[PDB]
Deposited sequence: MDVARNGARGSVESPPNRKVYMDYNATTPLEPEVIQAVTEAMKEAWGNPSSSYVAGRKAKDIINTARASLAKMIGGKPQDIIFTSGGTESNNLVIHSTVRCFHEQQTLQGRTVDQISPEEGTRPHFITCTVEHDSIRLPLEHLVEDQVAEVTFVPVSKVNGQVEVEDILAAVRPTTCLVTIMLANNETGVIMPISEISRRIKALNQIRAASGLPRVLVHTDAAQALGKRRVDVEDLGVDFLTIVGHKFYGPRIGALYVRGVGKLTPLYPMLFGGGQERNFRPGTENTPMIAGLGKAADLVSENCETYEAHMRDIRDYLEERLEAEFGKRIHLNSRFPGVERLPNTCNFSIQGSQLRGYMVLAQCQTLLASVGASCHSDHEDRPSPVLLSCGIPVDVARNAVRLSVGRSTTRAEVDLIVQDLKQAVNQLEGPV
């Protein structure tokens, strides 16, 4: 009955993923560290999954480190960077943008509050909702250690120019090296891109990349890509313990979850283009129907000029004092969506800081609703929720 359009918040598990998790729970329950066959069996599942993730993003198995999820992966990159700077050695400097996920913004703000590091939160262009390359390069100081920019924004869907950033940073690094300055590394939070658009680390040129399983129909765990970890790129751990994950992330491996993530990654490798095309077809049809139904009263908050965006995201607002996002969704009987990051669902009456950062007017941001379609969404489901929205609007704003 309901129509789910909140895939950016989380995705359901593919049946093959569920199957993998289940078989691992039953068949490969042994401690992966144990010498006997049962332990070696779990280890192989883990090795296979590491290769799956590596293949998904075009990196190598040795560049993948499993973590409990996106939040851990993001905090890890930031924590490692601070340690690296102190080992190389005044505080480390970070460069990021104003629309990152809480797992990037907050750990950085925390470092600032504690006076451990200095951070330049580069405002995104209020024109295209994208961080601009020149603003990032201009922010680099002798103490700059890491540039962390999300590949795609979870609320707007806007793609950031990661590949250009890495390229410009590489160029600037050649000068720093000759000058005796350490290199500025680059990390990208790719949580919302995986499974929606091709993600290749060689194309992106990044040194770190965050992988989030529950964004691409996988389990609630994740990983962190680190270009030639320990050799080409340094990684200092947050956790200390039994030596798992080459001591970069100790703790008995969660084989079942890893198995699920691996299978999830395989499906992306094999079908990413199919998913992307279907999402784009559905999202475009969705925007077409919303425009036909609401005309001049609707504003498409995800259609910025000159920039790319996820194929599945359509953040929009309908003009009207009575059409606050959370009020509209409350009146919907079929549509399941959100007004922004799930992480902020306890204050839905407040305009999204992210949309405001993107130049979206306050009253437009207050009425914003984020629709994010998925692999299974159909045109018939789009029609259903457009009609659901029509009734919700007519009830709140009334006829115009």
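Of the deposited sequence, positions 1-17, 107-121 lack any modelled C-alpha atom.
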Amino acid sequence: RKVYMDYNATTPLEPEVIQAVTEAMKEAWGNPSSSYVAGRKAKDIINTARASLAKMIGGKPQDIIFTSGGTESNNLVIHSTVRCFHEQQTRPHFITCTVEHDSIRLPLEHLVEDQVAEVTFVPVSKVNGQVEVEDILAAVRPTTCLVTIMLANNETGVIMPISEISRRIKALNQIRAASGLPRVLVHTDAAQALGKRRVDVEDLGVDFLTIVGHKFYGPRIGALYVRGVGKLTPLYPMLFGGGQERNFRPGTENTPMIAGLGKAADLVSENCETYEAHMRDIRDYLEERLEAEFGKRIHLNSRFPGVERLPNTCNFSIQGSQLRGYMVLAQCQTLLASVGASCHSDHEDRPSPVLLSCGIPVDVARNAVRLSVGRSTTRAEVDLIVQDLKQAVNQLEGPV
From here on, numbers count along this sequence of modelled residues.
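Note on 99-107 vs 302-310: mean CA B-factor is higher in 302-310. On average the C-alpha atoms of 291-299 have higher B-factors than those of the other stretch, with 291-299 and 314-322 being the two compared. Of the candidates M238, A264, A193, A171, the deposited coordinates give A171 the top C-alpha B factor. Residues shown: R91, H79, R249, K215. Highest C-alpha temperature factor in the entry: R91. For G58, the recorded CA temperature factor ranks within the middle third of the chain's modelled residues. When all modelled residues of the chain are sorted by CA temperature factor, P361 is found within the highest third. In the PDB entry, a CA B factor belonging to the lowest third of its chain's modelled residues is recorded for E72. Per-chain ranking of the deposited C-alpha B factor places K26 in the middle third.
Among the modelled residues of its chain, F208 has a C-alpha B-factor that falls in the lowest third, as given in the PDB entry.
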